[PDB]
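If you read the sequences in order, they're chains E and H.
When we follow the authors' numbering, the leftmost residue of the first sequence carries the number 101, and every step to the right adds one.
When we follow the authors' numbering, the leftmost residue of the second sequence carries the number 101, and every step to the right adds one.
No residue lacks a Cβ here, since even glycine has one placed at the ideal position from N, Cα and C.
Taking it in order: structure first as structure tokens, then the write-up.
There are 2 protein chains.
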Amino acid sequence: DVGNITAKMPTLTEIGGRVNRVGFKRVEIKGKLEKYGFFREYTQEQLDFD
Amino acid sequence: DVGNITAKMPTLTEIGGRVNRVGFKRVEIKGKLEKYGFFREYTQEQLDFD
Numbered sequence: 101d102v103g104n105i106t107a108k109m110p111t112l113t114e115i116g117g118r119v120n121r122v123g124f125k126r127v128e129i130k131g132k133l134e135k136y137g138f139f140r141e142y143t144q145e146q147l148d149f150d
Numbered sequence: 101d102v103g104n105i106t107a108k109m110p111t112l113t114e115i116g117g118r119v120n121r122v123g124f125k126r127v128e129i130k131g132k133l134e135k136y137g138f139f140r141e142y143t144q145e146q147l148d149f150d
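In structure tokens form, the structure reads like this:
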């Protein structure tokens with residue numbers, strides 16, 4: 101918006117002084133790990149006689 | 101006896117398992133020993149004057 105930008109511009113006078121201060125920030129991102137698996141069983145007789 | 105023998109035969113299925121366990125035994129025997137003996141005595145004049 102033009103009005104908000106104009107109304108909050110960092111103007112400076114002749115005397116200066118503590119008139120405009122700013123700050124900065126950082127955030128963090130995460131991750132994870134998981135384990136999966138599956139198995140199968142059988143017998144010998146269900147292989148030879150098939 | 102055919103019934104008793106066929107009722108205790110070591111049959112097996114297709115999954116195995118803990119079945120048909122056996123054992124053994126042993127027995128000791130002994131023998132002995134002993135001593136024997138006997139003697140005879142006589143006099144000198146028995147032989148001379150006979």
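Determine the extent of the alpha helix (DSSP H) in which residue i is found, giving its start and end residues.
i               : result
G103 of chain E : 102-107
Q144 of chain H : 144-148
Using a C-beta cutoff of 9 Å, does residue i count as contacting chain E?
i               : result
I115 of chain H : yes
Against chain H, does residue i count as a neighbour if the rule is that its beta carbon must be under 9 Å from one of theirs?
i               : result
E134 of chain E : no
Return yes when the C-beta of residue i is under 8 Å from any heavy atom of the ligand NAP, and no when it is not.
i               : result
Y142 of chain E : The ligand content of the structure shown is nil, which means the ligand NAP is not present either.
Going by the CB atoms, is the gap between residue j and residue i shorter than 9 Å?
i               : j               : result
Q144 of chain E : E128 of chain H : no
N104 of chain H : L112 of chain H : no
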